[PDB]
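Below: the structure, in C-alpha cells.
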Protein chains: 2
Amino acid sequence: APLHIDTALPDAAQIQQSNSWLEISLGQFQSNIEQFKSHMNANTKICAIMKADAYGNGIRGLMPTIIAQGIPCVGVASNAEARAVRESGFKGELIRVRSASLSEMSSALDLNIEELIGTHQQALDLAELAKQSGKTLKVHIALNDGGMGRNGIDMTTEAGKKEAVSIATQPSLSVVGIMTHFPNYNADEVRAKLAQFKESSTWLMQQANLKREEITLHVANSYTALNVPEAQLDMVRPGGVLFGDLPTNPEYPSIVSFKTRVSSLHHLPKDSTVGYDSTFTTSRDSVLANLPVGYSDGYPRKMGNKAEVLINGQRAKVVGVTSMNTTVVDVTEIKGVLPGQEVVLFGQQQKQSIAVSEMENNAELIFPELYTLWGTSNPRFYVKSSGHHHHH
Amino acid sequence: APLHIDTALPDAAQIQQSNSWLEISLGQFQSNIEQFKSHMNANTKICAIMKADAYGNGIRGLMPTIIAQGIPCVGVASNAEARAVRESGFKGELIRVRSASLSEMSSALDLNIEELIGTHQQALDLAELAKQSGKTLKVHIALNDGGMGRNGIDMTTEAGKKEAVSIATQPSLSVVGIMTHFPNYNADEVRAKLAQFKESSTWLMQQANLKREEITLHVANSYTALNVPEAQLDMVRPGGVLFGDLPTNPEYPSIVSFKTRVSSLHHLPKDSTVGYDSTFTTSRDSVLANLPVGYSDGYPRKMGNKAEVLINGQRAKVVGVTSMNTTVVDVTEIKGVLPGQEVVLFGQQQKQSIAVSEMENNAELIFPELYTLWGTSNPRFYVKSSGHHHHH
Ligand SMILES: *Cc1c(COP(=O)(O)O)cnc(C)c1O
Ligand SMILES: *Cc1c(COP(=O)(O)O)cnc(C)c1O
Ligand SMILES: [Cl-]
Ligand SMILES: [Cl-]
C-alpha cells in the first residue's frame with residue numbers, strides 16, 4: 001500500500017495536464033450513503049469501510065461527506081489510510097479491518113485505532129504496547145464463525161476456545177467489539193453462520209466476564225447488511241455498496257469513472273499492423289485515436305481487441321494489445337472526433353455506458369481488482385453536480 | 001499515471017511500518033547498465049527509458065545512478081516523470097516516448113522535453129507553443145516502419161509521405177531525431193524493417209532539407225539493441241533490460257523484489273474453509289500465516305491456490321483467493337515461522353527463488369503489468385550491498 005496518501009486534492013489544471021484520471025461522483029456517493037442508511041435498523045450503526053484508499057476513490061476527498069453524514073465509525077487497512085482519516089478531523093471510532101504487524105500497530109498508536117485480533121500473540125503484543133504507553137487499548141476480537149479462515153480465532157475445537165478466552169481476558173486491553181465476516185453472498189449460509197456466531201460470542205462473553213451491553217457485535221458487509229437484515233446487530237461494515245460496487249444491488253450506482261483524452265489522430269492504410277505482437281491488422285484505410293493510457297495506469301493488456309471506449313458519445317474498439325502507456329482505438333466510423341476530446345474507459349458518456357460486467361469480462365479481473373489499482377495510479381477529481389440545493 | 005511522484009525516499013522506519021514494499025537492488029541496476037554499455041557500438045549513445053516511474057522501480061531513487069553513469073538521454077511518458085527527472089539535477093536530453101496531449105505538452109515547457117510526433121496536428125500545435133514562448137522546440141519524428149501503428153506517421157502511401165514532409169518542415173521546430181519502434185523480438189523481421197526505416201528516413205531528410213549529421217536516428221529497444229546490433233544507429237532506447245526484464249537475455253537479473261511480513265499465525269482444524277468463495281478447505285490441522293498484502297497492493301486474486309511465497313527460506317502455498325488487503329499462506333510444515341518474519345512474494349530468499357515465468361503463469365499477466373502497478377501501490381527501498389569498494 002502507499003506509504004503516504006497525497007494530501008492535496010488535484011485541481012482542474014492539474015487534471016487537464018494528467019494523461020488519465022478518475023472522476024468520482026460525490027453526489028452519487030452521498031446518495032448511496034443515504035439510501036443505505038434508510039435500510040438500517042434503529043439499533044445498528046454504520047462503520048464506513050475505507051480500505052485501499054476508499055476503494056480507489058480517495059479517503060481525503062470523501063471524508064468530508066462521511067463527517068457531514070455523522071457516520072460514527074470508519075474502517076481502514078493501512079497506517080497511511082488511518083492517518084488520512086484522522087487528518088480530516090474525524091474524531092469517531094477508527095477500526096482496522098485486517099491483521100496488522102506489530103510494527104504497524106506500534107507506529108499507529110497516536111491515531112487511536114481499534115485493532116482486530118484473532119490470536120493470542122496479537123493480544124500479548126497489544127497488551128505490552130498498552131503497558132508501555134500507560135493506557136488500555138481498545139480491540140475487536142475476530143471470530144471464525146463465518147469461515148473466512150483469515151483474521152479470526154476458530155473456536156470449533158477446545159484449543160481454539162481456550163485461545164479465544166485468552167484473547168478476551170488479556171490484561172490492559174478493552175474488548176469493545178466481537179465480529180465475524182462471511183465468505184459469500186448466500187443468504188441461507190449467512191443465516192446459519194450468524195446463528196453460530198451468536199452462540200460463540202455469547203459463550204466467549206460469559207467466559208471472559210464481558211458485559212454484552214458494552215460490546216459491539218458486528219458481522220455484516222454490504223451484502224449482508226442489506227440482504228440479511230437480522231445480521232445488522234450493533235454495527236454494520238459497508239464498503240463496496242457505498243461506492244456503488246455491490247453486484248447484488250444495482251440500485252447503488254458506481255461512483256467512479258475512468259477517463260483519458262484523444263492525444264492524436266493517425267491515418268493508417270488497409271493491411272497495417274497495430275501494437276506489440278501485431279495482434280490486429282486494419283482491413284480498411286483507418287483513422288486511429290492514440291490515447292495516453294495503458295496498463296501502467298491500470299488499463300489492462302487484455303483490453304486490447306476486446307474492449308470499447310466511449311468517444312463523442314459513441315463506442316470505439318480498442319485495437320492491438322495495450323502498451324505500458326498508450327492505447328489505440330479505431331475511430332474510422334466515428335464522426336466529430338478531434339484531439340483533446342474526452343474518452344470514457346469506464347463509466348457513461350451521453351447515451352452510452354460501459355457496464356461493470358463488460359469491464360470484468362474484458363479485463364478477466366473482478367471489478368475491485370481494477371479500481372483499487374486505478375486509485376493508486378491516477379489522480380481523482382471529485383465532481384459535484386445536480387439541481388437546486390441538492391447533492392445529486 | 002500519478003499526478004506527482006513522491007519526493008521523499010522511504011526510510012527504514014517507514015518501511016518497517018509498511019504492510020508490503022518493493023526492494024530495489026541498486027547494485028544490480030548499476031551492473032545491468034554497465035553490462036549493457038559493454039555491448040554498445042562506439043557510435044551509439046544511450047537513452048535510458050524511465051517511463052511508468054522507472055518501470056515501477058522509482059525514478060527518484062534511480063536518477064543518481066543514471067547521472068553517475070553519464071547517460072546522456074532519458075525517456076519518460078508523463079509530466080510527473082519529466083518533473084522527477086529534472087528535479088534530480090539531470091541536465092541531459094529528455095524525450096517523451098509517447099504521443100502526449102496538447103495540455104500535457106504545454107504544461108511541460110519548462111522541463112525542456114523533446115516531444116515525439118507522428119501527425120501534422122501535433123507539429124502545428126507544437127509550432128504554436130514555440131511561437132508563444134519565443135523559441136524553437138526540439139522534436140523527434142516517429143515513423144511507422146516498425147509497424148506499431150501507434151505514435152508514428154505511416155509513409156507507405158502518398159498521403160502519409162506528404163504528411164511526414166509537413167511534419168518535418170514545420171516552422172519553429174527543430175527536428176533532432178527520427179525514430180521507429182519494433183513490435184516483436186523477431187530478429188529477421190527487425191532487420192527487414194530496419195532497412196525500410198533507413199530508406200524512409202533518408203527520403204524524409206532529403207525532402208525536408210534536413211542534415212543527416214544533425215539528426216539522431218534511433219530504433220532500438222532493449223531486445224533490438226542487444227540482438228540486432230546493426231540497429232543501434234545513433235542512439236538506443238533500453239528500458240526493460242536496465243531493470244532486468246528482458247526475457248530473451250536472462251544475464252540481466254531483475255532489480256525488483258516484492259516483500260511483506262507474517263502478521264499473525266492462526267491455527268485452523270481440518271475441514272476449515274479459507275477466503276472468499278471458500279475455494280480452499282484444509283485437509284489437516286493447519287497453521288496459516290496471515291500476510292497484510294492483497295490485490296490492492298498488486299498481488300492478484302489469481303495467485304490464490306496457485307502461487308507460493310518464500311518464508312524462512314522455504315516455499316509456502318498461498319491458500320484461498322487473495323483478499324483486497326490480506327493473503328493467507330499454509331505454513332503447517334514450515335518450521336521456524338514466527339510473526340514478523342519477512343516474506344518474499346517475488347524475488348529470492350536463501351536458496352529459493354520465484355521465477356518471472358512462475359509469476360506470469362500464476363497471475364495470468366505479463367511481468368510489466370505486475371511490476372508497474374507494484375510501483376504505484378507500494379514504497380520502494382533501495383538496497384545497496386556488495387563486497388569492498390564495489391556496487392554489487
Ligand atoms: C472490506 C471488508 C468489509 C467491507 O466489505 P464489502 O463487501 O465491500 O462491503 C467489511 N469487513 C471486513 C472485515 C472487510 O475485510
Ligand atoms: C518503452 C519503450 C522503449 C523501451 O522498451 P523496452 O522493450 O523496455 O526496452 C523504447 N522506445 C519506446 C518508444 C517505448 O515505448
Ligand atoms: Cl475476517
Ligand atoms: Cl511508436
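Just so we're on the same page: letters track the sequence lines, and every chain starts at 1.
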*Name the member of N290(B), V319(B), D297(B), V321(B) that forms the most heavy-atom pairs with chain A at distances under 4.5 Å.*
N290(B)
*What option among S106(A), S272(A), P368(A) has the most heavy-atom pairs under 4.5 Å with chain B?*
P368(A)
_So which residue, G146(A), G275(A), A77(A), ends up with the most heavy-atom pairs under 4.5 Å with chain B?_
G275(A)
_Measuring only between side-chain heavy atoms, which start at C-beta, is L3(B) closer than 4.5 Å to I15(A)?_
no
*Nearest-0.5 Å distance that lies between atom CG in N378(A) and atom OG1 in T376(B)*: 8.5 Å
*Beyond-backbone contact of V328(B) with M148(A), side-chain heavy atoms, under 4.5 angstrom*: no
*What pair of heavy atoms forms the shortest contact from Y276(B) to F182(A), and how long is it?*
CE2-O, 3.8 Å
_Check against side chain to side chain donor-acceptor pair (under 3.5 Å), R150(B) and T326(A)_ = CA-CA 8 Å; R150(B) 187 174 67 165; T326(A) 299; 5.3 Å; no
*Where is the tightest heavy-atom contact between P292(B) and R98(A), given as atom of each residue plus distance?*
CB-NH1, 3.5 Å
_Within the structure provided, determine whether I366(A) and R301(B) are in side-chain contact (heavy-atom separation under 4.5 Å)._
yes
*Checking heavy atoms, do the side chain of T157(A), its backbone, both or neither come under 4.5 Å from chain B?*
side chain
*Is a side-chain donor-acceptor pair under 3.5 Å present for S99(B) with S264(A)?*
yes
*With rounding to the nearest 0.5 Å, note down the distance linking CD in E81(A) to CG in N19(B).*
8.5 Å
*Which bit of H181(A) is near chain B, if near means a heavy-atom gap under 4.5 Å: side chain, backbone, both or neither?*
side chain
*What option among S78(A), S20(A), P10(A), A100(A) has the most heavy-atom pairs under 4.5 Å with chain B?*
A100(A)
*Straight-line distance of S296(B) OG to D53(A) CG, nearest 0.5 Å*: 10.0 Å
_Contacting region of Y185(A) [heavy-atom separation from chain B under 4.5 Å]_ = neither
*Going from CG on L373(B) to CD on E369(A), what distance comes out if it is rounded to the nearest 0.5 angstrom?*
11.5 Å
*May I ask you to name which of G160(B), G152(B), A80(B), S18(B) has the most heavy-atom pairs under 4.5 Å with chain A?*
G152(B)
_Between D6(A), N79(A), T322(A), the one whose heavy-atom pairs under 4.5 Å with chain B are most numerous_ = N79(A)
*chain B: which of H4(A), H266(A), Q122(A) shares the most heavy-atom pairs with it under 4.5 Å?*
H266(A)
*Among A159(B), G294(B), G375(B), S323(B), residue most engaged with chain A (heavy-atom pairs, under 4.5 Å)*: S323(B)
_I'd like to verify something: which residue of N151(B), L102(B), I117(B), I153(B) has the highest number of heavy-atom pairs under 4.5 Å with chain A?_
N151(B)
*asked:* As an exercise: rank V293(A), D277(A), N184(A) by heavy-atom pairs under 4.5 Å with chain B and give me the winner.
replied: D277(A)
*Would you check if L265(B) and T119(A) make a side-chain contact, meaning some heavy-atom pair closer than 4.5 Å?*
no
*If we ignore angles and hydrogens, is there a donor and acceptor under 3.5 Å between the side chains of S263(A) and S101(B)?*
no
*asked:* Rounded to the nearest 0.5 Å, what separates atom OG in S103(A) from atom CD in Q14(B)?
replied: 13.0 Å
*Heavy-atom proximity to chain B below 4.5 Å, by part of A1(A)*: both
_Residue pair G149(A) / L288(B): nearest heavy atoms and the distance that separates them_ = O-CD1, 4.1 Å
*asked:* Could you measure the distance from the CG atom of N144(A) to the NE2 atom of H267(B)? Nearest 0.5 Å is fine.
replied: 14.0 Å
*Against chain B, label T273(A) side chain, backbone, both or neither, depending on which of its atoms sit under 4.5 Å from a heavy atom there.*
both
_I'd like to know which of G147(B), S107(B), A52(B), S377(B) tops the heavy-atom pair count under 4.5 Å against chain A._
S377(B)
*Considering only heavy atoms from C-beta outward, does the side chain of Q17(A) approach that of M105(B) to under 4.5 Å?*
no
*Who among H120(B), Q121(B), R261(B), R83(B) has the most heavy-atom pairs with chain A under 4.5 Å?*
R83(B)
_Residue pair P269(B) / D154(A), side-chain heavy-atom distance below 4.5 Å_ = yes
_Any non-hydrogen side-chain atom of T372(A) less than 4.5 Å from a side-chain atom of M324(B)?_
yes
